[PDB]
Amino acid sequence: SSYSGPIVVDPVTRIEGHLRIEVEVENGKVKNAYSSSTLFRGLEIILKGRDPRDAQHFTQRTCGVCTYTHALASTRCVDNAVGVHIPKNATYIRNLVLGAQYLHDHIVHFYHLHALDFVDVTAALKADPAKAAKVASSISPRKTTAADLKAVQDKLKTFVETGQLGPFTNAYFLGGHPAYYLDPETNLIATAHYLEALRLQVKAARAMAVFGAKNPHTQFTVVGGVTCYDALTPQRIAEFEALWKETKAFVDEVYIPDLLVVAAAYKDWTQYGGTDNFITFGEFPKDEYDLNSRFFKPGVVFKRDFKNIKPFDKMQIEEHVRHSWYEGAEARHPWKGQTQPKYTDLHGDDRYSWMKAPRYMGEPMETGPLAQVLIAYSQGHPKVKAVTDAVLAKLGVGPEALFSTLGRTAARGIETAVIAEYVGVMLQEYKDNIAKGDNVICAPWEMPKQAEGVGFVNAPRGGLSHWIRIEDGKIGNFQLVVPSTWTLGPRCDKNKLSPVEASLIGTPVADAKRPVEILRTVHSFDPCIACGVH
């Protein structure tokens, strides 16, 4: 009782944007995969000829999930082009807002995008809330009572008995599903925390608005620094700090223990969705012109050879179009990029996506939390090592376990925990700098008529780069190369499967009508298709 034939998942839900996944299944396992991105907007085309100062406002709208990240990348890119060295406080404030973005983003991803692949919300109604409370209190320093969880169960019961299941309508778990493993009590704990996370994320996002004006789509960055003089005040710093502290507590006491209880129940998921190659750009600089000054450092690894981390050479990036809906077949370095749409329909002329296919030294590279964590680990990062080792020991698995869908999901949690703590360190450094009498947040600069620039962000989904060629003081070319482009773009002109495609090979599918296993792997990369395609 194992299926052979195609499976199409279109739309892939619980991602940002518009993705179609196609697989071929042979005897109950995936033997082939295509990652098809089915919306194009063309922001790179739109930017041509405009004022480089305007780029961040357009490119931020690449994505509202990874809001701020593109404004930061564009501003880093134009800062770089004009050769301005922004003040220490602008680096601190930009870094603090970015750290808060990671916490918001990863919490929402685990609960609101990923968890319904693993949690049967309706089985929570059959749970014993007293047994569930004991379990919940054993995994966290946060003590949970039976009444606590019964309140959630009562609310859910009412919701389900209305027959209006809303976002749970036709869920793959309804009626039971052989790939869903959790007991009723663990479902109830995860469902309770899903709901809690809906309100906690409000606070995590608010933390960005304290300095950054608003979320979504911050409005405090300028070429040369930041604009928010109010962010210097003790009141705004206190407000930020309080939100950060509450968000970190949720990470530490709710998200990571839930991640570990679910990972332990799905330990077979160490055996699927591995990848070979990894790229990461580093994040949280001390020096805006030196990636190696970042708390997380850049690096490149091929074929899981973490003993031999290679330096990141930005000139070795090329974006392929042979299997994409663009003209021709020529890959381009983004300073020579081209965005020339030409649609051929699904698999017309062997083309099946609006994403380009970035390759590093010709190889397909996973980026994102697993890349950032594994490379930092391998560079001796003490905080990443400490958290990763504790996660490994708690799960009773060795490091090989990380090269998988479960691995990736765990790495997202690891990075969340590490960044939540590091925000506190950055905050203190910021405070210290203010206390020294440094109240400067923006530096003057001048627009060159001709220049090239690049800005690098390690965003929640991985290495983000924005590339500008300034001509006559205007945008001659502006190219975005985005983490989901790397991870979920299609094949290249050497026909190498992208990370998502390759990772899907070997996926078991118990029920082809309800292919939750495909979703588990795809969701573990946290796809953002507006990002990937722009």
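In this text, residue numbers run from 1 along the sequence as written.
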*Taking only the CA atoms, which stretch has the higher mean B-factor in the record, 414-422 or 444-452?*
444-452
*Of the two stretches 102-110 and 269-277, which shows the higher Cα B-factor on average in the entry?*
269-277
_In terms of recorded Cα temperature factor, pick the maximum from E366, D345, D79, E318._
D345
_Between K310, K214, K203, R408, which one tops the list for Cα B-factor in this entry?_
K310
*Place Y289 in the lowest, middle or highest third of its chain's C-alpha B-factors, as listed in the PDB entry.*
middle
*Is the Cα B-factor recorded for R520 in the lowest, middle or highest third of its chain?*
middle
*Hey, what third does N187 fall into on Cα B-factor, ranked over its chain?*
middle
*Classify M208 as lowest, middle or highest third according to the C-alpha B-factor given in the PDB entry, relative to its own chain.*
lowest
*Taking the values exactly as deposited, rank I470 by C-alpha B-factor within its chain and report the matching third: lowest, middle or highest.*
middle
